[PDB]
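Summary of the model geometry
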Amino acid sequence: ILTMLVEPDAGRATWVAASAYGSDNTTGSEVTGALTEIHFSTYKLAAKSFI
Amino acid sequence: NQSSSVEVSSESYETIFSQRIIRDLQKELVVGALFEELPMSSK
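Rules of the game
- Residues numbered from 1 in each chain as written, not as in the entry; some residues may be left out.
- Chains lettered and ligands numbered in written order.
- Part of a larger assembly, values for the part shown.
- Heavy atoms only, no water.
- Helix = DSSP H or I, 4+ residues; strand = E, 2+ residues; numbered from the N terminus.
- Buried < 20%, exposed > 50% of the residue type's maximum accessible area, 1.4 Å probe, protein only.
- Areas by Shrake-Rupley, 256 points an atom, 1.4 Å probe, with all protein chains shown as cover.
- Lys, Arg positive; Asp, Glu negative; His and termini not counted.
- Charge placed at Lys NZ, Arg CZ, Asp CG, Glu CD.
- Patch = residues over 30% accessible without salt bridge, like charges linked within 9 Å, V, L, I, M, F, W, Y side chains within 5 Å.
- Salt bridge = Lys/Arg side-chain N within 4 Å of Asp/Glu carboxyl O.

**Quick word on the overall build of chain A**
Helix and strand counts for chain A come out as 0 helices and 2 strands. For chain A, the spread of C-alpha atoms along the principal axes amounts to about 90 × 15 × 5 Å. Of all 51 residues assigned to chain A, the portion counted as buried reaches 2%. If you sum the accessible surface of chain A, you get close to 5,500 Å²; carbon and sulfur atoms cover 58% of it.

Structural data, given as structure tokens:
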């Protein structure tokens, strides 16, 4: 196997209200993401002959 | 041959043709040339 890393999709920000300009919500929201993987393999092809 | 994996087209390519011609025993000739010859110059 040969395994590679796949970047995730997109997140998004939040529109904070005017009230939270001094409160803790001024920072907005937390955005997370997780990576993923892909795998590859091979197959065998063969033939024989006689003389 | 028709025994291995690959085969020839036909027996013509499995054969060698020779230009040698041979003959059996032939009867010997005896009376043809045992008498004397009498040449002629007329009928």
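**Comments concerning the overall build of chain B**
When its secondary structure is counted, chain B shows 0 helices and 0 strands. Taken over the C-alpha atoms alone, chain B extends approximately 80 × 25 × 15 Å along its principal axes. Residues classed as buried in chain B amount to 2% of the 43 residues present. On chain B, roughly 5,200 Å² of surface is accessible, and the fraction owed to carbon and sulfur atoms is 56%. Averaging the locations of the 4 positively and 7 negatively charged side chains of chain B gives two centres separated by 14 Å.

**A look at a nonpolar patch on the surface**
A cluster of nonpolar side chains, namely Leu-2, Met-4, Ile-38 and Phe-40 of chain A, defines an oily patch on the protein surface of about 380 Å² accessible area. Within the secondary structure, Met-4 of chain A sits in strand β1 (residues 2-6).

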